[PDB]
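Protein chains in written order, with the authors' numbering: chain A, 4 to 76, 84 to 107, 118 to 176; chain A', 4 to 76, 84 to 107, 118 to 176. A prime marks a further copy of an entry chain. Idealized CB from N, CA, C, for every residue including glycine.
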């Protein structure tokens, strides 16, 4: 019964991420460990504002933001900012430095599609310290990748 | 918007299964390929009846059944039979040779818990020829396993 802002807040913190990807066509599989740092940003934060106008958007719509940093294979940091839909607290657009949807079950779904490339990710908490996510990648008329991630909260 | 019977019918067929499991506590991971054969059984089928009475159940409740066979590491075959809930076509009990729940999104959820061991699996179709499933295993007060499976329909 939580919304995006709640989901974003919950995600905040340091996590150990274990990723496994299945390459459908080649019946292969590659896995990789990684560290993740999710810090919730306030609508006031300059990073948020920058992204909004960047996407030609008004910061008055940004409900919150987040800075996701990783490390492990490659590494970096990106900022995400959700823009609400007409009178909605569950669906809208997600600005990346794509569309999102919060569901009754408390799981977030992200969808970004260009032309032949469709990407669908689903994130959810199995525990306040266990975030999981699945995803599929469709490309040139065929599914090409299916992935899973286990993220356990670190602490410190 | 499909129900169990529909989900069971859809699952029927031969599939190539790719499984990856993440062992949380030890930050490990093991993957394995496998073949799967799902044949839908009718309430009339003797295998179904046997299981019902076996679970001290009346075959008049069984909406359908299924024989799941696999191969690859270990191998075998088991039968599953869903028993409906009072005036319900989405939730109920699942007899294994545990509780189930069909959702609006068309994804099935299976839950079986003894005492300290909790098991939650979620199956769904990303395509009529792509069935996916995630799961978590809680044991002795701690999550111990998270898994993902990609199943692409074979044919023949």
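- In the pairwise beta carbon analysis, the segment 19 to 27 of chain A' is classified as not touching the segment 46 to 55 of chain A': fewer than three pairs are separated by under 8 angstroms.
- Under the three-pair Cβ rule at 8 angstroms, the segment 142 to 155 of chain A does not count as touching the segment 6 to 13 of chain A'.
- For residue 25(A), a Cβ of chain A' is located within less than 8 angstroms of the residue's own Cβ.
- Contacts with chain A' (Cβ-Cβ distance below 7 angstroms) from the segment 159 to 171 of chain A involve 163, 166, 168, 170, listed in chain order.
- Against chain A, the CB of residue 143(A') has no partner CB under 8 angstroms away; the residue lies outside that interface.
- Secondary structure note for residue 15(A'): it is in no beta strand (DSSP E), with a DSSP letter that is neither H nor E.
- Bounds of the beta strand (DSSP E) holding residue 91(A') are 85 to 94.
- In chain order, 144 place their CB closer than 8 angstroms to the CB of residue 125(A), counting only its own chain and leaving out the 5 sequence neighbours on each side.
- Residue 166(A) carries a strand assignment under DSSP once its states are collapsed to helix, strand and coil.
- Contact check for residue 132(A) against residue 123(A) fails: the beta carbons are separated by 8 angstroms or more.
- With contacts defined as CB atoms closer than 8 angstroms, residue 141(A') and residue 130(A') qualify as a contacting pair.
- Residue 9(A) sits in a helix when the DSSP states are folded into three classes.
- Exclusion of the five residues before and after residue 99(A) leaves 6 as the residues of its chain whose Cβ lies within less than 6 angstroms of its Cβ.
- The closest CA to that of residue 4(A), considering only 175(A), 128(A), 30(A), 173(A), is found on 128(A).
- For residue 35(A'), same chain residues with a beta-carbon under 7 angstroms away, outside a window of 5 residues either side, are 22, 75, 76 in chain order.
- Here residue 63(A) carries a coil assignment [DSSP, helix/strand/coil].
- Going by C-alpha positions, residue 41(A') is about 7 angstroms away from residue 72(A').
- In chain order, 146 make up the part of chain A whose C-beta sits under 7 angstroms from the C-beta of residue 156(A').
- Here residue 48(A') is buried. Its C-beta has 16 or more other C-beta atoms within 10 Å.
- In this structure residue 63(A') is exposed. Its beta-carbon is surrounded by fewer than 16 other beta-carbon atoms within 10 angstroms.
- Between residue 21(A') and chain A, the shortest Cβ-Cβ separation is below 8 angstroms.
- For residue 30(A'), the closest Cβ of chain A is nearer than 8 angstroms.
- In the DSSP assignment, residue 71(A') falls outside any alpha helix (DSSP H) and within the unbroken beta strand (DSSP E) covering 68 to 74.
- At a cut-off of 8 angstroms between beta-carbon atoms, residue 139(A') makes no contact with chain A.
- Taking the Cα positions, residue 68(A) is about 19 angstroms away from residue 97(A).
- Ranked by Cα distance from residue 70(A), the first of 95(A), 158(A), 92(A), 43(A) is 43(A).
- Straight across, the Cα-Cα distance linking residue 161(A) with residue 136(A) is about 7 angstroms.
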